[PDB]
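First the structure, in the form of structure tokens, and then the observations on it.
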6 protein chains.
Amino acid sequence: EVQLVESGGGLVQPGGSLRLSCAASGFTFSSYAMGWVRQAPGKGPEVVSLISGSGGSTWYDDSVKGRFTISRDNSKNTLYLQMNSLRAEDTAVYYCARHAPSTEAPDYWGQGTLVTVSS
Amino acid sequence: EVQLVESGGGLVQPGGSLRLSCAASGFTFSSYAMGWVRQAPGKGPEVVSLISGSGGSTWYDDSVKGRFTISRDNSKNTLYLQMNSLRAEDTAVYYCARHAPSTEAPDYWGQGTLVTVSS
Amino acid sequence: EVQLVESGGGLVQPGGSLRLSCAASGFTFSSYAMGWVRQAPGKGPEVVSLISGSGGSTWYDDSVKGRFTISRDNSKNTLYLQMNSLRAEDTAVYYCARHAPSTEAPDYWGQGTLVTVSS
Amino acid sequence: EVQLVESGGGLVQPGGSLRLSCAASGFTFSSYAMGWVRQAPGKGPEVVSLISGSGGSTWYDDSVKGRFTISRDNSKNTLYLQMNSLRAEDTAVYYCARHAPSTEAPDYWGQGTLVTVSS
Amino acid sequence: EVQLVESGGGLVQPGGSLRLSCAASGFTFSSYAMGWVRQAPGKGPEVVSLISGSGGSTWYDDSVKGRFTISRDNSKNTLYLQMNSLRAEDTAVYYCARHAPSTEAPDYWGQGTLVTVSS
Amino acid sequence: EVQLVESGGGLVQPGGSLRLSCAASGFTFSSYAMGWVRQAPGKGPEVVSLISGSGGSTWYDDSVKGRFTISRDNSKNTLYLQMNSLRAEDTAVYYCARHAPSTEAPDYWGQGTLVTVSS
């Protein structure tokens, strides 16, 4: 019933920008903190950014701090990731996830969207 | 201006019940955890209950646990305190307050509502 | 050495009620927050409710809020879930789990108890 | 002695911008989350923004969200508040303060810096 | 009534040691995180250490780290502060206090215990 | 890029002592809380101790409380576990891990170091 659906991924040149979206339904969106999780090739999933239910607080992992911006529009029930100054190391499948005693199990994540950074 | 308006207090007999209400305006209500603060005669204020922005989490001080229930209705901008099994020691002015990093300054609580428990 | 043992599951009609118990040993029970985790057929585990060590605070996922009550009796070293107004979607194996940087690994959960909601 | 020195305030027109600074000494700066506290004329203090020790997490009060940006430079021992789109209601003395379990006592804030927004 | 009784303070030479105690009554001791609060002459109160309900987590302010050790005995209803390598700057009234959402109002601390560090 | 490298494990007699180290690189060490995770034969991983980025707060699981000490030297970018009064049940592979919404995925842990407690 809880559904998270991502879009906005694709190919991008190094230094370029991209915005990911995640549409949520089946729960009161504003009641949950939400995160973006990065899954690079051959690597474990890594939470790179988090935002509170109200949008009043955000957190960034060092690997994306200063380049990525997490935001949400609670009126549109949508979560965003603005990815700027993209580098090859940003190449990964990105998922959105609800908070839980850190993130929910991956069965409940978005379907994932691949971001490929290439010249 | 942020405004919090308490009501619902009054006179009750020991063992009686009351339901306090707090109407909020001037901010997005659901974005703030809220608490009820007790000020008994000649005593410092004490937070006796707390509820998260979403209403998903609640906390009760020991002195009140099992007797009081905090709840909120975000569509109505209201916070409630159901007080059962009242005793003379519950006699106090009750305030609602926004969580700050903990509770906001007393300047931002209500004018309060007086509960007098007496025979 | 840490042991969590559940009981109280079984068959129930839609709209009916059931209470799950979880007996804990091998650690100071009151020193740990405890949760109930739902595992519906073909679905990932989901923490649906949580309670602090003292019992002073509780949390509920939206899917169970208003119908389920988590509680604990620290004098009996036992954790409970009161499940009311059961619906078909509540059909699942329920586990108890200690908090950790959200819940402990599932190796440390209770053995699970199946709840089957059927007419 | 722990010392916090605010500056950067002054006179600005509505819609203008200011950047406040706070220089810290007497403690390991990066070990403490820091906040900015607003004291408007005749009002109690209000924490309007908060940043973690590492600068990795930030929080904004509703009244300030989308207009102010808190940041820190741990190598310089400085905390900043970028204030955009100022309005007359932002007129206040601004203090920086260390997180305590929430905010430290007012004795440990600065002497503050006055922001006057007027035509 | 909730009551907290501090003792163990007194006169010591620089480099000396003291062990403060705080006896609690009127509440379930293990249900509350507790802190030690320093009030030096002419200074605002400062929480210098904090311990969780279970005693499982502890925090120390920088000014005290590596010299003081906070501990508790829940079966005896006692909180302790071991103070080593005392210096003249540790001269203060020491209070124990319950965590509130952060610290409880000063009305609920002890009458305190005076530590005088002098030659 | 983030790397955690452990050392200091090996054989030890019951009652003996051992210190584990974990060298970190590829991130600002002081910006992350760090933990030690125990993986005994045939058992799930278990976080036994945690320390904040500054070193100001620590947590211990009951199974190690009073015997193990977690510490960090942020100037050496190194995390330690001092293991005292070792018992057979302490036999396990120990990993260091960064905090995340509890610990990061095990792909990002140290390589592990085996501690064997035998007469």
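Each chain in the structure tokens gets a letter, A, B and so on, in the order shown; residues start at 1 in every chain, and ligands are counted from 1 in the order they appear.
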
Interface list for chain A, partner chain C, 10 Å threshold, only C-alpha atoms, as a CSV table (one decimal) with N, CA and C atoms, in the first residue's frame:
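part.csv, written as the output of this step:
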```csv
chain,number,residue,atom,x,y,z
A,1,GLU,N,0.8,-1.2,0.0
A,1,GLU,CA,0.0,0.0,0.0
A,1,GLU,C,0.9,1.3,0.0
A,2,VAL,N,1.8,1.3,0.9
A,2,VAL,CA,2.9,2.4,0.9
A,2,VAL,C,3.6,2.3,-0.4
A,26,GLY,N,-0.1,6.4,0.1
A,26,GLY,CA,-0.4,5.3,1.0
A,26,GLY,C,-0.1,5.6,2.4
A,27,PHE,N,0.4,6.8,2.7
A,27,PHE,CA,0.7,7.2,4.1
A,27,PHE,C,0.7,8.8,4.0
A,28,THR,N,0.5,9.3,5.2
A,28,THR,CA,0.6,10.8,5.4
A,28,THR,C,2.1,11.2,5.2
A,31,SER,N,4.3,13.1,7.8
A,31,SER,CA,4.5,12.4,9.0
A,31,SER,C,5.8,11.6,9.1
A,32,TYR,N,6.5,11.5,8.0
A,32,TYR,CA,7.7,10.7,7.9
A,32,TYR,C,9.0,11.5,7.4
A,99,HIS,N,12.3,7.1,6.7
A,99,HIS,CA,13.0,6.8,8.0
A,99,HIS,C,12.2,5.7,8.7
A,100,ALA,N,12.9,4.9,9.5
A,100,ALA,CA,12.5,3.9,10.5
A,100,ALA,C,13.7,3.8,11.4
A,101,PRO,N,13.9,2.8,12.3
A,101,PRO,CA,15.1,3.0,13.1
A,101,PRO,C,16.5,3.1,12.5
A,102,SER,N,16.7,3.2,11.1
A,102,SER,CA,17.3,4.3,10.4
A,102,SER,C,16.5,4.6,9.1
A,103,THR,N,16.6,3.7,8.1
A,103,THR,CA,15.7,3.6,7.0
A,103,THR,C,14.9,2.2,7.1
A,104,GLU,N,13.7,2.3,6.5
A,104,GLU,CA,12.9,1.1,6.4
A,104,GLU,C,13.6,0.0,5.5
A,105,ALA,N,13.1,-1.2,5.6
A,105,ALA,CA,13.7,-2.3,4.8
A,105,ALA,C,13.6,-1.9,3.3
A,106,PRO,N,14.6,-2.4,2.5
A,106,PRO,CA,14.6,-2.0,1.1
A,106,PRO,C,13.4,-2.4,0.2
A,107,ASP,N,12.6,-3.4,0.7
A,107,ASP,CA,11.4,-3.8,0.1
A,107,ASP,C,10.4,-2.6,0.0
A,108,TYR,N,10.6,-1.6,0.8
A,108,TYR,CA,9.7,-0.4,0.9
A,108,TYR,C,10.3,0.8,0.2
```

Task: DSSP strand (DSSP E) residues within chain A, listed as a ChimeraX atom specification - done: /A:3-7,10-12,18-25,34-39,46-51,57-60,68-73,78-83,92-98,113-117

TODO: May I ask for the distance between CA of residue 67 (chain C) and CA of residue 109 (chain A), given in Å to one decimal place?
DONE: 25.3 Å

Could you list, as a PDB file with N, CA and C atoms, in the first residue's frame, every residue within 8 Å of residue 14 (chain B), counting only C-alpha atoms and ignoring same-chain residues fewer than 6 positions away?
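Writing the result to out.pdb gives the following:
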```
ATOM      1  N   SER B  85      -9.015  10.446  36.425  1.00  0.00           N
ATOM      2  CA  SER B  85      -8.650  10.122  37.798  1.00  0.00           C
ATOM      3  C   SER B  85      -7.875  11.250  38.465  1.00  0.00           C
ATOM      4  N   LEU B  86      -8.426  12.453  38.378  1.00  0.00           N
ATOM      5  CA  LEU B  86      -7.760  13.637  38.893  1.00  0.00           C
ATOM      6  C   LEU B  86      -7.613  13.568  40.411  1.00  0.00           C
ATOM      7  N   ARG B  87      -6.524  14.133  40.922  1.00  0.00           N
ATOM      8  CA  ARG B  87      -6.324  14.234  42.361  1.00  0.00           C
ATOM      9  C   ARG B  87      -5.917  15.658  42.683  1.00  0.00           C
ATOM     10  N   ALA B  88      -5.935  16.001  43.966  1.00  0.00           N
ATOM     11  CA  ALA B  88      -5.694  17.383  44.387  1.00  0.00           C
ATOM     12  C   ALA B  88      -4.333  17.903  43.912  1.00  0.00           C
ATOM     13  N   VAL B 117      -8.796  20.981  41.390  1.00  0.00           N
ATOM     14  CA  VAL B 117      -9.379  19.732  41.846  1.00  0.00           C
ATOM     15  C   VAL B 117      -9.646  19.828  43.344  1.00  0.00           C
ATOM     16  N   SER B 118     -10.919  19.841  43.714  1.00  0.00           N
ATOM     17  CA  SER B 118     -11.280  20.000  45.113  1.00  0.00           C
ATOM     18  C   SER B 118     -12.652  19.407  45.396  1.00  0.00           C
ATOM     19  N   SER B 119     -12.882  19.071  46.660  1.00  0.00           N
ATOM     20  CA  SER B 119     -14.181  18.590  47.106  1.00  0.00           C
ATOM     21  C   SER B 119     -15.154  19.754  47.275  1.00  0.00           C
TER      22      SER B 119
END
```

Open item on the list: Can you pull out the residues contacting residue 116 (chain E)? Cut-off 8 Å, using only C-alpha atoms, and skip same-chain residues under 4 positions away; I want them as number ranges by chain.
Closed with: E: 9-12, 88, 90-92

Requested write-out: N, CA, C and O atoms of the selected residues, as a PDB file, in the first residue's frame:
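New file part-v6.pdb:
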```pdb
ATOM      1  N   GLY E   9      30.043  17.224  48.759  1.00  0.00           N
ATOM      2  CA  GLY E   9      30.888  18.374  48.462  1.00  0.00           C
ATOM      3  C   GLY E   9      31.667  18.801  49.695  1.00  0.00           C
ATOM      4  O   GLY E   9      31.517  18.230  50.776  1.00  0.00           O
ATOM      5  N   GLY E  10      32.505  19.813  49.545  1.00  0.00           N
ATOM      6  CA  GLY E  10      33.327  20.252  50.654  1.00  0.00           C
ATOM      7  C   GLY E  10      34.562  20.950  50.138  1.00  0.00           C
ATOM      8  O   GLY E  10      34.574  21.481  49.023  1.00  0.00           O
ATOM      9  N   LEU E  11      35.607  20.939  50.950  1.00  0.00           N
ATOM     10  CA  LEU E  11      36.832  21.676  50.649  1.00  0.00           C
ATOM     11  C   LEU E  11      37.904  20.711  50.171  1.00  0.00           C
ATOM     12  O   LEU E  11      38.128  19.679  50.794  1.00  0.00           O
ATOM     13  N   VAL E  12      38.554  21.041  49.060  1.00  0.00           N
ATOM     14  CA  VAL E  12      39.651  20.231  48.541  1.00  0.00           C
ATOM     15  C   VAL E  12      40.718  21.112  47.926  1.00  0.00           C
ATOM     16  O   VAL E  12      40.450  22.244  47.514  1.00  0.00           O
ATOM     17  N   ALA E  88      40.722  25.211  40.568  1.00  0.00           N
ATOM     18  CA  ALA E  88      39.969  26.294  41.204  1.00  0.00           C
ATOM     19  C   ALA E  88      38.699  26.650  40.424  1.00  0.00           C
ATOM     20  O   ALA E  88      37.705  27.081  41.002  1.00  0.00           O
ATOM     21  N   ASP E  90      36.665  24.636  39.165  1.00  0.00           N
ATOM     22  CA  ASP E  90      35.573  23.702  39.447  1.00  0.00           C
ATOM     23  C   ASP E  90      34.783  24.120  40.685  1.00  0.00           C
ATOM     24  O   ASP E  90      33.768  23.506  41.011  1.00  0.00           O
ATOM     25  N   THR E  91      35.276  25.139  41.384  1.00  0.00           N
ATOM     26  CA  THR E  91      34.584  25.697  42.542  1.00  0.00           C
ATOM     27  C   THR E  91      33.193  26.161  42.125  1.00  0.00           C
ATOM     28  O   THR E  91      33.059  27.004  41.239  1.00  0.00           O
ATOM     29  N   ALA E  92      32.163  25.609  42.769  1.00  0.00           N
ATOM     30  CA  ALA E  92      30.780  25.855  42.370  1.00  0.00           C
ATOM     31  C   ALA E  92      29.829  25.098  43.280  1.00  0.00           C
ATOM     32  O   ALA E  92      30.246  24.196  44.006  1.00  0.00           O
TER      33      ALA E  92
END
```

- [ ] To one decimal in Å, tell me the separation between CA of residue 93 (chain C) and CA of residue 33 (chain C).
- [x]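 These two atoms are separated by 20.4 Å.
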
- [ ] Just list the residues in chain D DSSP gives helix (DSSP H, G or I) on the backbone, as a PyMOL selection string.
- [x] chain D and resi 29-31+88-90+106-108
